[PDB]
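Have a look below at one chain only, the form deposited in one PDB entry, in structure tokens format.
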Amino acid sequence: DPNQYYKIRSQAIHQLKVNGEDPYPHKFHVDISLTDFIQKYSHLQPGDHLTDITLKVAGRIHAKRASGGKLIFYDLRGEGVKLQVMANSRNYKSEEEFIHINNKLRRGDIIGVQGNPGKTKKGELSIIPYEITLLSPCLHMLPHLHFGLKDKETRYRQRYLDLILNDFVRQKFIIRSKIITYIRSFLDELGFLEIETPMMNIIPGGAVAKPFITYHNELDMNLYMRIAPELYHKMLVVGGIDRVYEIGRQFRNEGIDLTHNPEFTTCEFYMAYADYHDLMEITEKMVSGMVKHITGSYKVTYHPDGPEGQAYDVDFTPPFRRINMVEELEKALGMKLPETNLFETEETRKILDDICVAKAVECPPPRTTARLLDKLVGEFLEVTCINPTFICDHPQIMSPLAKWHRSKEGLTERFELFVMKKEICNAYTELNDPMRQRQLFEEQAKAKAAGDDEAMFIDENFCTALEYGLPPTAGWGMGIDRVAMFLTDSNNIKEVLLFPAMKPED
């Protein structure tokens, strides 16, 4: 009965504990790794038996074929590689020990094997064991699922099962670790200093993202989880550390969907005496070098709609394409839009609304010019942003805390990097004017309150730091999870997360 298998196995294990045959030994001295074993002894001719070499490996059994009463084949699997184990009685310690150990071994059990390298008559590298030791029995029936596990409910809720049964998961996570390591090395070589900013803030801020509210009993007050390390990074830049960076975890009290998580890892750096046009080249170098170092080339194949969907071949050649929002939008829509200075005026908002309705671009119930123009951009600019593209200048109406344009007016100093019709990186030229910063904070706090008592959603510590002099600096941020999704060919954020947050059962 498959349902009672666990119980039966448990009983057997209990018996092994009763009669002094503890199936959980404290230590097994593994001499060589499976990868090193395979690399070293792959040259052996078929039929070889290195009787003069003794090695101790360890791994989980993934198969068990009984070709006879004295000849059994196991398939150790570990470190992403497999190794056959040719349990033969004539090469074992004794026949009784052989049958005793082989009567207690099942699939999924973690065992240690001591024996001699060799190759079968079919040219399969294996290890003839002098003695097999049981290290950790598997009490649950491990399925023999050909083509791997495919149910996307035990894959995410039981990540260990996904790792055991599916091999691409390990590669997906190794790629993410390599991505983070490459970013760290790049920024450190550039001269940056990695910092750790508080994840719990007294104030939530004026941002629209919903925060996570905790309660500190010792200090008898509420604590808000981090949304961005923005303000503390800028306070450090005020202090004197010109170049800072942090790869950290931000929290958001929003919904859980295909491409969202309550907690996510983002990279953010800030450098003094620069601007967004200076960060353009740094972003080009970082992204192109990361792609070259991870995938081994500048071309990446991505499937936005699963393996059966369309395949897109993006090219990360270092000269990324750069386009301005206003000019490219003029070229795409054909018609010219009113001048930027009149972006705040209502007639601009209405002429944008009329033309977007003419193009059937659905917008949220708030019909402010910001929503309309960002929808226009997303519907007629990101559509063509398959290869990485640099949107070069955005209007001030979506962008607070960013300096005004050097020559233009009403346009913020920002760029965005779009790969596969999705933004991965953004950067801004900082607003170091304490008066303008305070005015924006007040306005956004009043907007966030939306008729409430207000007098909050601000950081008087930050507005006091800026009054001490913040050098003209530039900030850059990027989503780690989206980059990992684009580099591991995953269209779901849960595929690049070890333990994604899932809805509770029942």
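Residues carry their position along the shown sequence, with the first being 1. Whichever C-alpha set is largest while still superposing within 1.5 Å between the two forms counts as the rigid core.
Below: the form deposited in another entry, not depicted.
Choose, among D48, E454, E467, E443, the residue with a C-alpha displacement of 2 Å or more between the shown form and the other one when the rigid core is used for superposition. It is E454.
Would you say whether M221 is displaced between the shown form and the other one, judging by a C-alpha shift of 2 Å or more on the superposed rigid core? False for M221: its C-alpha shift is below 2 Å.
Please check if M335 moves between the shown form and the other one, taking a CA shift of 2 Å or more relative to the superposed core as movement. No.
When the rigid core is used for the superposition, does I247 move between the shown form and the other one (threshold: C-alpha shift of 2 Å or more)? Where the cores coincide, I247 shows only a C-alpha shift between the shown form and the other one that is less than 2 Å.
Relative to the form shown here, do the C-alpha atoms of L236 and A455 sit closer together or farther apart in the other form, given a change of 3 Å or more? It is closer: the C-alpha separation of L236 and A455 falls by at least 3 Å in the other form.
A450 and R349, C-alpha gap in the other form relative to this structure (3 Å or more): It is farther: in the other form, the C-alpha atoms of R349 and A450 lie at least 3 Å more apart than they do here.
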